[PDB]
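Colleague: using only what follows, build the 3D model:
(2 chains)
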Amino acid sequence: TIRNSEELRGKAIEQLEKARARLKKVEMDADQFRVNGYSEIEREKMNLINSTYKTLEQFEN
Amino acid sequence: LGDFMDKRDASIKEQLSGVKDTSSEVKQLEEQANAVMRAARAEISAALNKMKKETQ
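Modeller: Residues are numbered from 1 along each chain as shown, chains lettered A, B, ... in the order given. You can find the structure just below:
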């Protein structure tokens, strides 16, 4: 009986802590992903405007 | 002797409970970590979408 509860508690805490550590890491991945996405969106917006200005100029031609 | 018997039994039962207690604590830790990781990912995705939509 003693060897069981301890193992459960050992294993259990290794697992809660591990799960929350993973949460942190993701909190990290997402955090990273959000920054990348934001930059990509800005560039894409830039894409649209730039290319449409090119299209304008061609229309003027 | 009766007290000695009780002490030894309690010490063992307490060890089992603590071992049971530790296992539950580790399960909670793992669950919390998993939930946190999900938030990061999902959160950032949502952000870009909302941000991506605004840029568009």
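Colleague: who's in contact with residue B:18?
Modeller: Residues near residue B:18 by Cβ atoms under 8 Å, 6 or more residues apart in numbering or on different chains: A:5, A:6, A:9. Placement of C-beta: from N, CA and C, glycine included.
Colleague: helix/strand/coil for it?
Modeller: Recorded secondary structure, residue B:18: helix (DSSP: H, G, I helix; E, B strand; the rest coil).
Colleague: now do the helices in the chain.
Modeller: Here I'm looking at chain A. Here chain A has its helices, by DSSP state H, at A:2-60.
Colleague: look at chain B instead
Modeller: Going by DSSP H, chain B shows helices at B:2-55.
Colleague: about what we covered before: which one of the contacts of residue B:18 is nearest to chain B?
Modeller: Taking Cβ to the nearest Cβ as the measure, chain B sits nearest to residue A:9 out of the contacts of residue B:18, at 1.5 Å.
Colleague: mind checking how far that closest one is from residue B:43?
Modeller: According to Cβ to Cβ, to the nearest Å, residue A:9 and residue B:43 sit 32 Å apart.
Colleague: neighbour-wise, which of the two wins?
Modeller: Using other Cβ atoms under 10 Å in any protein chain shown, the more surrounded residue of residue A:9 and residue B:43 is residue A:9, with 23 against 17.
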